[PDB]
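A.B. asks: Protein chains in written order, with this note's numbering: chain A, 198 to 352; chain B, 481 to 590; chain C, 9 to 151; chain D, 48 to 163; chain E, 0 to 47; chain F, 67 to 166; chain G, 112 to 161.
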Amino acid sequence: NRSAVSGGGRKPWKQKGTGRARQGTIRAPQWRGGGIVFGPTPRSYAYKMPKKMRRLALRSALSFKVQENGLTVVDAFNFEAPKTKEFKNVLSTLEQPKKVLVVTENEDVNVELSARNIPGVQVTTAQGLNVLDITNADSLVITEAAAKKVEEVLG
Amino acid sequence: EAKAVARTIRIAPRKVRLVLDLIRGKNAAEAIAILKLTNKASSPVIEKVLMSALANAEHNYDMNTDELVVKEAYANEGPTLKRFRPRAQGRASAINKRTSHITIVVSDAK
Amino acid sequence: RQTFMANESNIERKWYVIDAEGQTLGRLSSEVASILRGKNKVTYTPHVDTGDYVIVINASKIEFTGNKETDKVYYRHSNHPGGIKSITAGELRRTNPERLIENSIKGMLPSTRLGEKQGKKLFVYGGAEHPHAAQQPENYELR
Amino acid sequence: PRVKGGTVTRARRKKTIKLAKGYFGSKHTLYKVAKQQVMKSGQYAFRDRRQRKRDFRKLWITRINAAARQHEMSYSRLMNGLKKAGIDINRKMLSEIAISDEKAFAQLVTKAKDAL
Amino acid sequence: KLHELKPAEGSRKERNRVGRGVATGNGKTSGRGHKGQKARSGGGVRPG
Amino acid sequence: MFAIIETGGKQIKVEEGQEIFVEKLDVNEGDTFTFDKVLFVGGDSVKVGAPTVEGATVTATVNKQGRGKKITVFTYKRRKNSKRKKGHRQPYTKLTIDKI
Amino acid sequence: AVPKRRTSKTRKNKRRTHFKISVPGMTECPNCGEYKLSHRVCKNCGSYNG
RNA sequence: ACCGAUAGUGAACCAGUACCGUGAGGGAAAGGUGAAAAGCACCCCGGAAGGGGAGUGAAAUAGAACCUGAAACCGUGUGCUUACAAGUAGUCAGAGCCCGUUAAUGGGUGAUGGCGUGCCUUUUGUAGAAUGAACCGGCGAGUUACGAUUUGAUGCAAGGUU
RNA sequence: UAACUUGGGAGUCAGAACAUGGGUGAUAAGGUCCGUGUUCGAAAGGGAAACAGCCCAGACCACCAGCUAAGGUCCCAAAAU
RNA sequence: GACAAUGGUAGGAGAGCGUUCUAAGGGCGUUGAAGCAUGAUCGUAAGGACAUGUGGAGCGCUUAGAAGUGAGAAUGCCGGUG
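So this is what it looks like as structure tokens:
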């Protein structure tokens, strides 16, 4: 702004005594290379929301999927080591869309490892769900046991 | 028709155009005499551009000078040089040195 | 839109010979003005000339009313300082009878480029002899 | 983010320079001078569309008066006679008839002059 | 459904901008009047 | 021969085999209209008077139904910061006379 | 003293109407064959033969 | 959900350097050939500069004053029009002459007639001889953070919320 | 066909001429200060030759349709020599 | 299908056009993108398409979000040219 620009402390010329317009500094808004009037400033954009409204918006996303036949419960995962191709073949047997959200009871490195590279596939945990991932995912795949845990948390 | 261009000459365009009207549309033999016996500062320069256009008509192509006429002749403005002359009581006044682009076109009308 | 418009390929102008013997100046000039303008034709067009030609004979025998032969004067300025002349209507009838009727009718026409062309279709003489017999003029009675 | 002004200013000024084609001198080349004449020409056209209906009615009456006086009658006395008989023909059609069809225009004068 | 989001009816309105033409009604003067203390930049008299 | 027909608040002078432009009518394209009110039947043949010749109708054929060329309506007042811009296109009907 | 109004292109081009250059008086020389100013000496040959 | 060469640090270039002042100090302007220098051997006019051919390349209206190349402004050719005329230069009406489009109630020019004293600011009131602008381009003015109040929306409710 | 109450946001505190009832001045002023109505201000269109305040009358847009107001009908110039 | 409304400065209220960026979805481009030039095209206004030439690598559409979001005047600043 006016004060942050470099130089421009003296007055270019006196007030009267010529046919020039009166000025007070060479770094004013109407001068080339000096001064910004109202520009961006470093600020935040986050805000809060009541707790009850948070839980309701989440239950609305889970119900929206079941209304489209987009929720499938599986047995478990027995991935001994991380193999991406084996995980891709699993998604072909279930006949899932191109984007899939996988839920788990707790962190499982192999299940997340063998799936993070596939495009359009996202993997998270039961307690780490949000409205952005549920809405983005075309289908929802959740474990049998993990499904019951997400139930008691939402109440 | 053959063309010849003289680029970035140091004569003002307004002064070059005064002599270009005396030869536009004349013959290639009567235009050289006009440019010679004239006493303007643009005559020698304009004449050297017309002598190189008649040479291009018989070397690159093959056209006899007997059937050559001045078809088009005009001058354009080139870049200018900004100079300053000191005046009385500490003042300065700008001075312009202008350039011209001379183009000549000779044809046989066939 | 169906209004008719006159052009210079369908206009007919004739020649008239009016007599000013024993007539009022103002009441005779107002009628000749409409003839020169073409206000008596059914194909009148404003942006084109459609009037006819008029010849005035016996101009020196026009008439006035009251004392207008001495009280009515004509002024003119020569554009020089103090250069204003004058002449009475009675003295002008006896010297230039044609300029008396010529200027009286010219003042009843519009001052446009078309009005100056319509004012040249007038001819005024002080006697009864006009040299335009070739044009075959036809007599006209004032209404 | 920064929004620079480009391609939106030149497009609006060129639409004004094309509506001034045919004007004298700088009025068809410069924007500030041509912008003022296009504004004044729009105000002129709005007023001339209403005056247009007065200038043509004034011309029909001038031609009807010339034909009515060829039968030794005035325009005021002919209009009155026609109204009494309830003919109901506007002045735009009476003018078009007096010019081309004379024998037809002569029938309307005797029918109107009969009603006094 | 992120390509078909729809807010509630009557829960969002756009801000008013002054000094951006005469067709808006808040252009040159922007709604301050003519040559007064309340028309100058910096404010006016205090509340009380 | 000719006739004066009243259609849309105006009068016209129509002959047989002529094109005319009137206000928007009710008929659509390709239909047949009929001018009930005839004010005058001119020509050298038997003419008639007024107010309206009982009978002697006119027949035409609808050709087109479009909108006139666009007109721009602009007005302003100096030193008051007040202006207005409008557009307009007048609809019309194009007919063709068949027989008087 | 100073111009009140700027000059337009229409007005500027009418004043420069008579601002032209002259064509010299030249004729063919009897002996040189080139063109020559009347009453002068042929530059090409040097003969006048008055 | 920052800038993109008048922007972003004064400085994208060797910049606190050209330049200014006795001095303490003040302080700029300057990016872009091509994928590859493959940067026009040779002939012709000319003292040179410059230019016309040839050649290189996909392209030289890409030849280092080198991507794209707008307006002001300066020139050449041409269809219509103008030397009896009083003009905020336009608008409405309208012959003649020259053309033929995003195909429709077409395009350009304009003999002649009607009407008509620019724009902005400031004022009880301005064609005003009251103020401002030579012209073209770029830049150039109600914003943000914490509090208060009112209205719309939304969740819950004698409870609501950290 | 309005009026009143509660709440949100304003602008305005330089006015002018004409008619009329008065003070002041000189039964001077396009003077000045109050009462009452209209117009301008913020109002185009027609008339008063030109002429914000006078007379008639309040422009949503288009048309080469008709009847009227003030004011007018010898010519400029539409309408009775 | 009916009657009734729509001159307007200071101001109050309402609905919209265009510009840059972001998130999803769906699409064009060396068989030629953006920009630029020309034209007799469409909408009630701000504005939106199409064809041709130039140009030579990026750019629209749909819904929503966020703003350094719109220039003829300040004896305004800088550059260019009368």
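From the three backbone atoms N, C-alpha and C, an ideal C-beta is built for every residue, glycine too.
Hey, out of C:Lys-22, C:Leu-108 and C:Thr-51, whose CA is closest to C:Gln-144's CA?
C.D. replies: Among C:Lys-22, C:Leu-108 and C:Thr-51, the Cα nearest to that of C:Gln-144 belongs to C:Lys-22.
A.B. asks: How would you call D:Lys-100, buried or exposed, if buried means at least 16 neighbouring beta carbons within 10 angstroms?
C.D. replies: By the 10 Å Cβ count, D:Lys-100 comes out exposed.
A.B. asks: Which of the residues in the stretch 74 to 86 of chain F, read from start to end, lie with their CB under 9 angstroms from any CB of chain D?
C.D. replies: Cβ contacts with chain D: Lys-76, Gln-77, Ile-78 and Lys-79.
A.B. asks: Tell me which same chain residues have a C-beta within less than 7 angstroms of the C-beta of F:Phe-87, skipping the five on either side of it?
C.D. replies: Counting only Cβ-Cβ distances below 7 angstroms, and skipping sequence neighbours, we find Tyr-158 and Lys-160.
A.B. asks: Would B:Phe-564 be called buried (16 or more neighbouring beta carbons within 10 Å of its own) or exposed?
C.D. replies: When all chains shown are included, B:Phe-564 counts as exposed.
A.B. asks: Counting only runs that start and end within the stretch 122 to 151 of chain G, where is the beta strand (DSSP E) found for 3 or more residues in a row?
C.D. replies: Counting only runs of 3 or more, we get 137 to 139 and 146 to 148.
A.B. asks: Name, going along the chain, the residues of the stretch 130 to 153 of chain D whose beta-carbon falls closer than 8 angstroms to a beta-carbon of chain F.
C.D. replies: Within the stretch 130 to 153 of chain D, the qualifying residues are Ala-132, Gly-133, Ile-134, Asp-135, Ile-136, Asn-137, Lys-139, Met-140, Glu-143, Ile-144, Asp-148, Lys-150 and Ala-151.
A.B. asks: By the 9 angstroms beta-carbon criterion, what residues does the stretch 488 to 521 of chain B contribute toward chain G?
C.D. replies: Answer in chain order: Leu-498, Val-499, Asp-501, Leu-502, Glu-510, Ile-512, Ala-513, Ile-514, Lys-516, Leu-517, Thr-518, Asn-519 and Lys-520.
A.B. asks: Alpha carbon to alpha carbon, how far is D:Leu-66 from residue 229 of chain D? Give it in angstroms, no decimals.
C.D. replies: The structure shown does not extend to residue 229 of chain D, since chain D is modelled only from 48 through 163, so no value can be given for it.
A.B. asks: Skipping 5 residues on each side, what residues in its chain have a beta carbon closer than 7 angstroms to that of B:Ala-537?
C.D. replies: If we look at B:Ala-537 and ignore the five residues flanking it on each side, its Cβ neighbours are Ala-482, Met-543, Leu-548 and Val-586.
A.B. asks: Please report the residue range of the beta strand (DSSP E) in which C:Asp-27 lies.
C.D. replies: Looking at the DSSP string, the run of the beta strand (DSSP E) that includes C:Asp-27 is 23 to 27.
A.B. asks: Which residue marks the beginning of the beta strand (DSSP E) containing C:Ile-92, and which one marks its end?
C.D. replies: Residues 92 to 96.
A.B. asks: Is the stretch 287 to 297 of chain A in contact with the stretch 334 to 343 of chain A, if contact means three or more CB pairs nearer than 8 angstroms?
C.D. replies: These segments touch.
A.B. asks: Beta-carbon within less than 8 angstroms of D:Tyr-78's beta-carbon, same chain only, minus the 5 sequence neighbours each way: which residues are those?
C.D. replies: Same-chain partners within the cutoff: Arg-60, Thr-63 and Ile-64.
A.B. asks: Consult DSSP for D:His-75 and reduce its assignment to one of helix, strand or coil.
C.D. replies: Reduced to three states, the DSSP call for D:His-75 is helix.
A.B. asks: Taking DSSP as the reference, what is the three-state secondary structure of B:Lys-483?
C.D. replies: DSSP places B:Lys-483 in strand when its eight states are reduced to three.
A.B. asks: Does D:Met-86 have its Cβ less than 8 angstroms from a Cβ in chain F?
C.D. replies: Yes, its Cβ sits closer than 8 angstroms to a Cβ of chain F.
A.B. asks: Between F:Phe-99 and the rest of its own chain, which residues show a CB-CB distance below 6 angstroms, the 5 nearest in sequence each way excluded?
C.D. replies: Hits under 6 angstroms: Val-93 and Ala-126.
A.B. asks: Any Cβ of chain C within less than 8 angstroms of the Cβ of D:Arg-110?
C.D. replies: Closer than 8 angstroms to some Cβ of chain C, the Cβ of D:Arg-110 qualifies, so yes.
A.B. asks: Could you spell out the range, first to last residue, of the alpha helix (DSSP H) harbouring A:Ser-257?
C.D. replies: From DSSP, the alpha helix (DSSP H) with A:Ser-257 extends over 248 to 263.
A.B. asks: Identify the residues that DSSP records as bridge partners of F:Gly-153: which are they?
C.D. replies: Per DSSP, F:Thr-138.
A.B. asks: Let me make sure I understand the geometry here. Which of F:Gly-132, F:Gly-121 and F:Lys-130 has the alpha-carbon closest to that of F:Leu-105?
C.D. replies: Ranking the options by Cα distance to F:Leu-105, first place goes to F:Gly-121.
A.B. asks: Can you pull the DSSP bridge partners for F:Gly-132?
C.D. replies: DSSP output for F:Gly-132 lists F:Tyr-158 as bridge partner(s).
A.B. asks: Which residues does DSSP list as the beta-bridge partners of F:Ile-86?
C.D. replies: F:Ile-86 is bridged to F:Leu-161.
A.B. asks: When you compare only the Cα positions, how much space is there between C:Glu-29 and C:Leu-150?
C.D. replies: If you take the alpha carbons of C:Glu-29 and C:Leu-150, they lie about 12 angstroms apart.
A.B. asks: Excluding the 5 residues preceding and the 5 following E:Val-17 in the sequence, name in chain order all residues of the same chain whose CB lies nearer than 7 angstroms to its CB.
C.D. replies: Here the set comprises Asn-25, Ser-29 and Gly-30.
A.B. asks: Along the alpha helix (DSSP H) that carries D:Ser-147, what are the first and last residues, could you check?
C.D. replies: 138 to 147 is the span of the alpha helix (DSSP H), which, as asked, contains D:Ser-147.
A.B. asks: For a cutoff of 8 angstroms on Cβ pairs, would you count D:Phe-103 as touching chain C?
C.D. replies: Taking Cβ atoms only, chain C reaches closer than 8 angstroms to D:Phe-103, which makes this a yes.
A.B. asks: Measuring only between beta-carbons, confirm whether F:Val-88 sits less than 8 angstroms from chain D.
C.D. replies: Closer than 8 angstroms: no.
A.B. asks: Grouping DSSP H, G and I as helix and E and B as strand, with all else coil, what is C:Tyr-148?
C.D. replies: Looking at C:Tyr-148 - three-state DSSP - the assignment turns out to be coil, as it is neither helix nor strand.
A.B. asks: Output the distance between the C-alpha atoms of C:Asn-87 and C:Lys-93, rounded to the nearest integer angstrom.
C.D. replies: Near 11 angstroms, if we compare the C-alpha coordinates of C:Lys-93 and C:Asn-87.
A.B. asks: Counting only C-beta atoms, is G:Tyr-146 closer than 8 angstroms to chain B at any point?
C.D. replies: Closer than 8 angstroms: yes.
A.B. asks: Would you tell me roughly how many angstroms separate the C-alpha atoms of F:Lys-143 and F:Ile-137, rounded to the nearest one?
C.D. replies: So the two alpha carbons sit approximately 20 angstroms from each other.
A.B. asks: Decide if C:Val-64 is buried, meaning its Cβ has at least 16 other Cβ atoms within 10 Å, or exposed.
C.D. replies: The residue in question, C:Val-64, is buried, as its Cβ has 16 or more Cβ neighbours within 10 Å.
A.B. asks: Can you tell me which of C:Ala-136, C:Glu-137, C:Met-116 and C:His-138 puts its alpha carbon nearest to the alpha carbon of C:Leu-44?
C.D. replies: The candidate whose alpha carbon is nearest that of C:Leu-44 is C:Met-116.
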